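Read through the structure below, which is laid out as structure tokens, and then see the notes.
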Amino acid sequence: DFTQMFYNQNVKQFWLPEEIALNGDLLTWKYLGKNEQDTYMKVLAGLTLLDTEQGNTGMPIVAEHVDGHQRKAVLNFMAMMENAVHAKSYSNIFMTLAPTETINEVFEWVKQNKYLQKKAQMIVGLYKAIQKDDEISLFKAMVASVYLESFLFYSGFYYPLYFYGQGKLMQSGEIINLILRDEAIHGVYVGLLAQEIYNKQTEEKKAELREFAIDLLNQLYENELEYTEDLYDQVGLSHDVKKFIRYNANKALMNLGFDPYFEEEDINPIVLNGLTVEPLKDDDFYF
Amino acid sequence: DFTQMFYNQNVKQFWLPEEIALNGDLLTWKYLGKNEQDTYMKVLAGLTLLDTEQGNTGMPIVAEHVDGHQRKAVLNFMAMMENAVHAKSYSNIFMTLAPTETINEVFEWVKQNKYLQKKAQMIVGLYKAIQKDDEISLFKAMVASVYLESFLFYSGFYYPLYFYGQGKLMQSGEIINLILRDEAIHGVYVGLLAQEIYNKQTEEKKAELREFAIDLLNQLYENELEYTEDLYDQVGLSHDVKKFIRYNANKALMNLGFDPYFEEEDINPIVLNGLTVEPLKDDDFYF
Amino acid sequence: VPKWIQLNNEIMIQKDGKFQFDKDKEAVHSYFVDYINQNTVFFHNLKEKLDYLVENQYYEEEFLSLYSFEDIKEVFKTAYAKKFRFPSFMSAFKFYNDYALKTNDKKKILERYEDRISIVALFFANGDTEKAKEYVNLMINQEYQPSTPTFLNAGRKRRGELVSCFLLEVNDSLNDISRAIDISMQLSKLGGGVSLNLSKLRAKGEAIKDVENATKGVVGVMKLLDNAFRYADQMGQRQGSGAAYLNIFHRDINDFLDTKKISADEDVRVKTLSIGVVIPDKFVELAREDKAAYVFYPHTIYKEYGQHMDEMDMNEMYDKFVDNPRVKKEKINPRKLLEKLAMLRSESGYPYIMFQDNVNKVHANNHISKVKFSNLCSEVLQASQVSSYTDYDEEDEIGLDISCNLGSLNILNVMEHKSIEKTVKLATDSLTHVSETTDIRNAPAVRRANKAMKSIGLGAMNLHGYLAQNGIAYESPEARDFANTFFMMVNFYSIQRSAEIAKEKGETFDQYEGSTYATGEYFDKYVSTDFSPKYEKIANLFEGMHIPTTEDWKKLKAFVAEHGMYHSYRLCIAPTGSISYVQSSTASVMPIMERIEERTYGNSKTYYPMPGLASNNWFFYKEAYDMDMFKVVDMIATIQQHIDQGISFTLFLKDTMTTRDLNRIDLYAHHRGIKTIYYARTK
Amino acid sequence: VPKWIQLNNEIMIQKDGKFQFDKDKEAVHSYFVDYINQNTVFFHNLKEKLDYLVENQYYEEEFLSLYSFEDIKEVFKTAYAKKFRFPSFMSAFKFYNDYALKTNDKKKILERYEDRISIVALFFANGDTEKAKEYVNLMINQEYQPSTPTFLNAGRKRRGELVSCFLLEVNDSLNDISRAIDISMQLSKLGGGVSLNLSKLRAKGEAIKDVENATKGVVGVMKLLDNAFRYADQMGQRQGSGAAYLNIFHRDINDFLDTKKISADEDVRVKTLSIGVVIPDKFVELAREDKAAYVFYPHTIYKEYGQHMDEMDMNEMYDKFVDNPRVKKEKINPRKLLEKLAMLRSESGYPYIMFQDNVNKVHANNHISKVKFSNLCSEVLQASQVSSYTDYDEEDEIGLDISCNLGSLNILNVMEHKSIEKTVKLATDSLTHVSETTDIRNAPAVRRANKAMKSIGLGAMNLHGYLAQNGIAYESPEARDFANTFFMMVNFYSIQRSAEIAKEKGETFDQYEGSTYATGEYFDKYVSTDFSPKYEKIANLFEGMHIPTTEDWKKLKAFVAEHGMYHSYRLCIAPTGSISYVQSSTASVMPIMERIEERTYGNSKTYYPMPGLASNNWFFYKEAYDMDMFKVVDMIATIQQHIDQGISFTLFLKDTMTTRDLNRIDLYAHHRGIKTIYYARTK
Amino acid sequence: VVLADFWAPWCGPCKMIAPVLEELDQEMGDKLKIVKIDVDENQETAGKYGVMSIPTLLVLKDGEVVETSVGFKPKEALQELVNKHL
Ligand SMILES: [Mg+2]
Ligand SMILES: [Mg+2]
Ligand SMILES: [Mn+2]
Ligand SMILES: [Mn+2]
Ligand SMILES: [Mn+2]
Ligand SMILES: [Mn+2]
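Next comes the structure, spelled out in structure tokens:
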């Protein structure tokens, strides 16, 4: 009921890194404090590392196990965007803002970081556990994918959106907004594929899959809180970032056809600013 | 030395069939004989099948086994083109020119056609035989992919080109030329990757790989002859198409770094004609 | 999860294969004990409560001043003498969430049900203690339910108006269009729904003072009104709901209908404007005979004849328009237009189908004006005159714009008390008081028509609930017999009370002498046909009640001729979808949509079983979607013959039925005398 | 392609390295001979033409009845005695496509240039034959150009209004907002652009009758105004254009700017509503010191102080608002808001920037009111009083709303004829006649202010054309010296004519005694500083014309003190757009955007070199984008000091110049005394 | 032993069960009585047996309800349901 519509929306959102000139960001970058520059670098590396997993494994593995030519085509298109567009875009932002040696060090740090690794490996673990012709294992991986696309990225997206909403780092913020817009539709689409599997299950199996999804969400959420404090306490933003994580967790659940887990909260306004005909045959006029 | 330039070429060649309006072919299509329309539908259906498998299976599987994020990005992009752009374009052509029943019948015809099933069996079999960290199985699949890109498509491409060259079906022909332009660069790129693996081997191993490549080519060739006769005898063109596929077989071999295998012949000249946000500072408020 | 919601959640937890309907009483008891009593601020005496509410701008001091404090105290005591207990959790939840007065921080409950009822009764009586106690007994017995604006805002200071709906006639000028936008925003600020007649607006591509093909048609006015209602949306408490009505012979009818298409672009699509289509009998005749029809340009007709297109009789003037070379028109297919209407109702529920000739054939005030359009709920069918708003510093020719004061009878409670006469008369008095105390300074035509017409709306509800709780199937002929008898008695007593009010006040509604009430044409079918029940089972329901006979109707006709009628319009059946929960009644005379409604308020689902739903009457509460729509049309036409205004008739359709089935239901409704069709709900 | 269009395309065909500028005259000759002379209706005599035009409702009869036919014939002979010839094909094309009167089927042409000019002159003179001949000489010499509404509609029955602008004050009420919508539509149907001051409207989240967070802000009012202007699209021939102005200290200023963002959703975005931002000096001071600023909720200030936010001097009351706990506000960053303004102007050219203190520092009528907002062209700066439009059948408090009585002096033709005094006085008389004959009944405040203030707008055009054709660079100090002298002369003679009209009629404008003209404060810089040219080359341009001296200004000040001043406002420099082609002039006092304009008409590509362009003055006609914007600001500020109203100052920006450069230009304009900034045109 | 079918004319699943009951009567009609009751015309019986939904099949033995089946059932499932009580 939905693949051709998503095909259309995906291909009409096509874009390339070269379209946004990045050099003018140096005019606001130079005015940020060390903690702001440090947080931005770390967040950016976090997003880059997670998105690479999605391009190399997440999207291609789902495309491999999903049946249907049209679904495979949409999934291929999404994998292409991860590897050919998003990955180049993140690299471009980095090369503009930091010298080569600084980029290498930030990636070394974020690669060793406990909270980034915990979530990256949890997601990758579920992708590696998919078994041929087993729709339960596929569903679990789709849940992981939706959580990455619609939830885990957002502790990171917060900061570029925060600057973007203030008039700072506008070129890279525009790029991030385009990336985020792609991840949103990726999350919705994979969510619909997961609901299709979920709806084929018994009531007991459904309850079991719901418990899986909520348990996974809880593990990721508790690690996100730690990840958030680790990055954002030094710039005083953690309270507001936490509200943004919960709001996006609720969107991820709704993508999977589940009820929201967290109470509704308002979001930081700066980040918000960043964001059957049958013809009448006669004899029907007579009764 | 080459991936970056292929990356740039592939992304700059990006297109969608919807860019080309097809209603202009309606009259030249109406005017073709029943035999001509039948061959044309079947030819494009055979192409659709090849692109379906190249997009679903061939390109993604090669992407999985080839090392390097940039090489993977090129291969992922090529995969997307196969199933999200090329395979779909044929349906755009079908939906314009043919009634639903004729479309349904031709897709049923691909399923039961023995030559089309044989060529798919052979090519996809080699893709699915790739073993992780086994460069020889990968080479064999890359040879199969080059043969699909640079040889097997051409029994199909002949007919749209033959019409384009006579000023007939020129909108459909424009789509086909764009597809052909893509496959030419896809065949070169995969050919270069295959040569990388071949060049790592002993002379004895190389001799075996040439045997594999030539045996496979001959087996595919003999099947393609029967396919060509089956499609083109009713339009009187089988001998001409055979010359064309031999011409392109030589190009496939060359893409693999091998000498031409068939003698040169005169191709129908008709077919040849068918080819910033800078912030304010304290000193801007005083003049 | 709250305890009351969890107990209410136990309804669908079936034990022994049966629903736990007894858990709803437990749910309401838990709701009260754990939330309502705890969150209700209590005063040492009623004097302290009234003083606190008057001083804190909660109550008007004017309406409480006509009673001595002992009178108000005794009114409250006789309100609590009933010891009213809500029968379902949803009733109490809806009341204390939508109507009960709360503090400025919306944290504590200031009004009980018996306090809201007492305040509304004191407002209605206007200085009469005995009448106030009569109103208290009427409402605490839940025999009569004042409309949501009246029940919610009677006696309150932070109030809008007590009128639930307004109908505006838009004339064909920029001054009139701008004033219509102004009045729509003013009345939406007051909280009432606004319906506008766009049939007088000239078509798209018409001439503006020798400048030809300059008009944007009625669709530009729809965009203006849509943005006006979005702007004046009661600050977000409830989105501003407006209605636009267009005659089916207007040229812009296709553009008018295309506003509700999903494929329509945002430059032509309206979102807060409900659309209604007025279908004269001529359109049905043309569609039946398959002749090609013509929609006309209203300004050409105005120039040729001097009267607006909707002001003339379509059945008589259609051939003259078609044969007139000076009347511009475009050819349409009436059957294709009917199919477009059916598909639009299937896909969106719009437009509101109004059969103009079905309204005007039994309309008592055709001398004042024909009924050219309905309200936002397609049940207020009253005569209206367009207002010619002139330039600034130029006196405007103020016409009549319909203001409808609504009130609902609970058929179950009215019949169980054997009090049709007293309930109808007290409700008529209360609606008369609401009409009198209502003034609207920013709508001259609404105010003028409220003062002159004195039209009220006395609806009814819990028809299906009463029938199912009495073992009567809504589609059965016994149900139609009961509806015939009950609504004949309701009409009899409403007319009697209107005549008594006209006698007591010595005044009738303006232009009463030209109405069928004065000439006696209204009572012809009542002095000729006896409407007593034909089934002994139905006749046993009216035991202990005097059913008006033919002689009684003759006496009432003579009484009306001698003394007149105070109200131009008295009966109109509104959907009453919100107050139905509080009264534990089914919405309107419509059949129930669901036996157990599933509602989500927050993060918890709250099931509402139908009033009186149980195991013995499970199949009598047949869902409206499973029912034959022809039988529902028969029921509504049986009711409609005793209602001078319209009935909010909602069509409940299944997904299996096509657009031809919808057209068949529409044409059967037109043939059976149905005046208006509200919605096409698909399951 | 047509012969004239083909000849016009030979302008860009370069022979011997030079443009074929002489081909343009051949283009005019071909155009006339092959199209105009063939498709102009010719009558046996002027009597037959006049009878045909009045009888067929092309002309009004009242203005022609003031003259005998001999007088009209003499006036037309005077127009044709000049034997005016269009020097460029684009001039004739513009006139005979836009302003020439055509038959009702548009197949033929009824008016020549000498006919439209004669009719406009006969309208202006009002029964005076000598005055009509003087106006004919003034317009056929192309010294003075009446505005597009006045030139188009003078003496024609099928017309709109001769008024170009309408500046409406919108009070903080639903009745006032509804009246604003009504008046906006009633003035858009007249043709003139409408600008509205929305700073009095309370912000989003304000209270409506003591219920909090109820308002949706000024953005909803902008939605209503945008759809009102879309509805009043003047047939669609010229889309309904409207402006909205908001003080930068208004709380909704961020949402006010957010509607012009391309990324803005359709639920907030407005399309036909231009936006302007009024920036007091206080905001610039706050941005300069990089201290946190506050945007205030207007209704809290109105409740606390009894006065609107924009009626109080923010430079004095900003601290009082900030330290007032009963005044609601939120902290903002003034430099971030300035950067947002700069990027919004880079992306879309909006908003118009109005420096309120720059306007009010030299505003003569501050006693009547301070200038709170500008017009759609961001060049009218007049005192306005809000109108309190009350509920129906209640008397409304009518204020003052501004209107454009516009006319432009052709600086080239004015100074070639050495008739600055005569041209300025005749233009002032014509604008006075236009203001007097304007009677708008549906806009009460507009009519009252037109009767009371009697304000007119006398602009100038062809400044860059005159400078380049006289070998003066636009950025050169000699150009600024010439502009100083010329506009001081224009101001002197406009004040002199206003005082003469006040003496001859015995009346001044309303509340003249409080103006700086009566107190003599206006003439301080004129009696203290000599504005004679400081350059010998510039002084030779004024040879043969008496340049007013300090003593002459003292005599004028005494004359004004004794006799008064008839016009509250006299001078305002409009953009002078499509009518600049007809006069063969550069648009306004702005520098030329391109040396040769590339215009598309149908299937043809038409080229319009700026008047007088040739090889010798090719580099004097420097493109506006190539100019230094600081020197253009200097030029305008030199002109601005002699213009009592504002100047439509368009910023011409290169693609490489960032938002910091735009902000530097804006702050230099504010520092140099620029009153308004119209557009940010990026190349 | 009686198989009582609670049905309605508008119920799609009730139209599907009608031919299944006719085949069941041909095979088992010597040991099984099949009774149909229209719930649109006979609300009191449908209320007495607490019928919720249609088709509802009650197996009665000597006037007592011994088994209840809701929704559509194929012939073999109805035979198994009845054969338990023969
Ligand atoms: Mg009119
Ligand atoms: Mg007010
Ligand atoms: Mn990505
Ligand atoms: Mn993604
Ligand atoms: Mn391909
Ligand atoms: Mn390929």
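Chains as they are written, first to last, in the authors' numbering: chain D, 16 to 290, 311 to 322; chain C, 16 to 290, 311 to 322; chain B, 6 to 688; chain A, 6 to 688; chain E, 19 to 104.
Yeah, the Cβ is synthetic: ideal placement off N, Cα and C, and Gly gets one too.
Taking Cβ-Cβ distances shorter than 8 Å, what residues in chain B pair up with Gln191 of chain A? For this step, residue 191 of chain A is matched to residue 186 along the fourth sequence. Ordered by position in chain B, the residues that pass the 8 Å Cβ test against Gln191 of chain A are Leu179, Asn180 and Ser183.
Express the C-alpha separation of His438 of chain A and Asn380 of chain B in angstroms, rounding to a whole number. Taking the third sequence and counting its residues from 1, one reaches residue 380 of chain B at position 375. Taking the fourth sequence and counting its residues from 1, one reaches residue 438 of chain A at position 433. For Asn380 of chain B and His438 of chain A, the distance between alpha carbons rounds to 51 Å.
Where the beta strand (DSSP E) containing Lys688 of chain A begins and where it ends: Working through the fourth sequence from its first residue, we reach residue 688 of chain A at position 683. No beta strand (DSSP E) contains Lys688 of chain A, which DSSP labels as neither H nor E.
Using a strict less-than 5 Å threshold between each residue's beta carbon and the heavy atoms of ligand 5, what residues do you get? C:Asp66, C:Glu97 and C:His101
Counting along the chain, where does the alpha helix (DSSP H) carrying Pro449 of chain B start and finish? Counting from one through the third sequence, the residue named residue 449 of chain B turns up at place 444. It spans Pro449 to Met458 - the alpha helix (DSSP H) in which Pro449 of chain B sits, taken as one unbroken run.
What is the rounded straight-line gap between the Cα of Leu417 of chain B and the Cα of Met144 of chain B? The count along the third sequence starts at 1 and reaches residue 417 of chain B at position 412. The count along the third sequence starts at 1 and reaches residue 144 of chain B at position 139. Using only the alpha carbons, I get a separation of about 13 Å.
Boundaries (first-last residue) of the alpha helix (DSSP H) holding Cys32 of chain E: For this step, residue 32 of chain E is matched to residue 14 along the fifth sequence. Per DSSP, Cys32 of chain E belongs to the alpha helix (DSSP H) from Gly30 to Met46.
Does the segment 268-288 of chain C come into contact with the segment 222-232 of chain C, if we say contact requires no fewer than three beta-carbon pairs (one atom in each stretch) closer than 8 Å? yes
Assumed close pair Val80 of chain A, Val33 of chain A - CB separation to whole angstroms, cut-off 8 Å: Numbered from its first residue, the fourth sequence carries residue 80 of chain A at position 75. Numbered from its first residue, the fourth sequence carries residue 33 of chain A at position 28. That pair is no contact at about 25 Å.
Going along chain E in order, which residues have a C-beta closer than 9 Å to the C-beta of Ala248 of chain B? Position 243 of the third sequence, counted from the start, is the residue given in the question as residue 248 of chain B. Correct list: empty, because the minimum Cβ distance to chain E is about 32 Å.
Among B:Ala248, B:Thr153, B:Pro580 and B:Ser178, which has the Cα closest to the Cα of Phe171 of chain B? The residue you call residue 171 of chain B lines up with position 166 of the third sequence. Checked all of B:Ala248, B:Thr153, B:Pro580 and B:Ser178; the closest Cα to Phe171 of chain B is B:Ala248.
Nearest-angstrom beta carbon gap, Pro285 of chain B and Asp177 of chain B [assumed within contact, 8 Å]: Within the third sequence, numbered from 1, the residue matching residue 177 of chain B stands at position 172. Within the third sequence, numbered from 1, the residue matching residue 285 of chain B stands at position 280. About 19 Å; that fails the 8 Å criterion.
On the criterion of 16 or more Cβ atoms from any shown chain inside 10 Å, does residue 310 of chain D qualify as buried, or is it exposed? This structure gives no coordinates for residue 310 of chain D. The numbering of chain D moves from 290 immediately to 311.
Less than 6 Å between the CB of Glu164 of chain C and some heavy atom of ligand 6, yes or no? Here residue 164 of chain C corresponds to residue number 149 of the second sequence, with the count starting at 1. Yes, ligand 6 has a heavy atom inside 6 Å of this Cβ.
What are the residues in the segment 169-186 of chain D lying within 7 Å of chain C by C-beta distance? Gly182 and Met185
On the three-state DSSP scale, how would you describe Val58 of chain D? Taking the first sequence and counting its residues from 1, the one referred to as residue 58 of chain D is at position 43. The answer is helix: DSSP assigns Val58 of chain D an H, G or I state.
Helix, strand or coil: how does DSSP classify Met185 of chain C here? Residue mapping note: residue 185 of chain C aligns to position 170 of the second sequence, counting from 1. Correct three-state label for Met185 of chain C: helix.
Proximal chain B residues relative to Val53 of chain E, where beta-carbon distance stays under 9 Å: Position 35 of the fifth sequence, counting from 1, holds the residue named residue 53 of chain E. Neighbours of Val53 of chain E on chain B: none; closest Cβ ~16 Å, over 9 Å.
What are the boundary residues of the beta strand (DSSP E) that includes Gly464 of chain B? As a first step, residue 464 of chain B is located in the third sequence; it is residue number 459 there, counting from the start. From DSSP, the beta strand (DSSP E) with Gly464 of chain B extends over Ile461 to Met466.
Are any of the Cβ atoms in chain B nearer than 7 Å to that of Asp396 of chain A? Looking up residue 396 of chain A in the fourth sequence gives position 391. Chain B contact via Cβ: present.
Counting C-beta neighbours from all protein chains within 10 Å, is the total for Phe17 of chain D 16 or more, i.e. buried, or is it exposed? Along the first sequence, one-based indexing puts residue 17 of chain D at 2. It is exposed - the Cβ of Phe17 of chain D has fewer than 16 other Cβ atoms within 10 Å.
Member of B:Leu69, B:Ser389, B:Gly464 and B:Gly617 whose CA lies at the smallest distance from the CA of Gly132 of chain B: For the purposes of this step, residue 132 of chain B is identified with residue 127 of the third sequence, where counting begins at 1. Ranking the options by Cα distance to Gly132 of chain B, first place goes to B:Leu69.
Quick one: is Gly89 of chain E near chain B, going by C-beta distance under 7 Å? Mapped onto the fifth sequence, residue 89 of chain E falls at position 71. Answer no: the Cβ-Cβ gap between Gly89 of chain E and chain B never drops below 7 Å.
Is any heavy atom in ligand 1 found nearer than 6 Å to the beta carbon of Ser393 of chain B? Numbered from its first residue, the third sequence carries residue 393 of chain B at position 388. The answer is no for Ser393 of chain B.
Please go through the same chain and pick out, in chain order, the residues whose beta-carbon is closer than 6 Å to the beta-carbon of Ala473 of chain B, but skip the five residues on each side of it. Stepping through the third sequence from its first residue, residue 473 of chain B is reached at position 468. The answer, listed in chain order, is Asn622, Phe625 and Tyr626.
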